Amino acid sequence: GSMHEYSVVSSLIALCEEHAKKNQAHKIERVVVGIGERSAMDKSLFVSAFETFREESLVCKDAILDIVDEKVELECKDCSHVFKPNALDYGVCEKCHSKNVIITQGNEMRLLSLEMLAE
Ligand SMILES: [Zn+2]
């Protein structure tokens, strides 16, 4: 198969290393991530992979990864409105009476911010 489960991992750790040389920090303190509550991904599995590959780079080993549990949000296609998943039978858009809405937040993870220690 393919190591797609380590793509996100390798990417983030490389980004940490590339920021720390550019800011001339040569360390990290924290990283902060947002995992949507409908992505069904194990936060424990993702961090355990990040902590495993951490050893690739000396600046990376002094860090911790903080997972924010993120909410779900429903956007409308050709419209101008956004709401929370609640109704079903009458679960149409508030402006336009159709169920054409999509998940803009809740299915997908992203990085939120990073931190570095000067000392
Ligand atoms: Zn709409």
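Values quoted throughout were computed directly from the atomic coordinates according to the rules given, and no laboratory measurement underlies them. Ideal geometry is used to build each Cβ from the backbone, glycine not excepted, and the neighbour counts take in all protein chains shown.
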The chain: Cα Rg divided by the 2.2 N^0.38 Å rule of thumb
1.38
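Can you give the % of DSSP beta bridges in the chain that are antiparallel, to the nearest 5? If you can, show how the numbers build up before the last one.
Working: 10 of 16 bridges.
If I count the DSSP bridges inside the chain, around 60 percent turn out antiparallel.
If you add up the charges near residue 36, with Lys and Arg at +1 and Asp and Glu at -1, over every other residue whose beta carbon is less than 15 angstrom from its beta carbon, what do you get? If you can, show how the numbers build up before the last one.
Details: positive: 38, 43, 71, 84, 110; negative: 37, 42, 69, 70, 73, 75, 108.
After counting each charged neighbour, the total is -2.
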List, in order, the whole-Hz ³J(HN,Hα) value for each residue of the range 91-104 obtained from phi through the Karplus relation with A = 6.51, B = -1.76, C = 1.60 and θ = phi - 60°; use x for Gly and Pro.
x, 5, 5, 5, 6, 10, 7, 9, 9, 5, 4, 9, 5, 8
On a 0 to 90° scale, report how tilted helix 7-22 is relative to the longest principal axis of the chain, with both axes built from alpha carbons and the result rounded to the nearest 10.
60
To test your reading of the geometry: what angle, between 0 and 90 degrees and rounded to tens, separates the Cα axis of helix 43-53 from the longest principal axis of the chain?
30
Which entries in 43/95; 71/95; 71/99; 22/61 show an alpha-carbon gap greater than 24 Å?
43/95
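Using a 10 angstrom Cβ neighbour count of at most 15 plus a DSSP loop assignment to flag exposed trypsin sites (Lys or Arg not before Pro), which longest range of the chain is free of such sites?
Details: sites that count: 38, 61, 71, 77, 95, 99.
Answer - 1-37.
So what is the relative contact order of the chain, in percent, for Cα pairs below 8 Å that sit 6 or more residues apart?
Working: 177 pairs, mean separation 41.3, N = 119.
Computed over the chain, the figure is 35 percent.
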Phi angles of the range 105-114, converted by Karplus (6.51 cos²θ - 1.76 cosθ + 1.60, θ = phi - 60°) into ³J(HN,Hα) in whole Hz with x for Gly and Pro, give 7, x, 8, 10, 7, 8, 5, 9, 6, 10
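Looking at the range 1-31, which GluC sites (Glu not before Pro) are in a loop (DSSP not H, G, I, E or B) and have at most 16 other Cβ atoms within 10 Å? Working shown, then result.
On the way: sites: 5, 17, 18, 29; in loops: 29.
Qualifying residues, ordered by number: 29.
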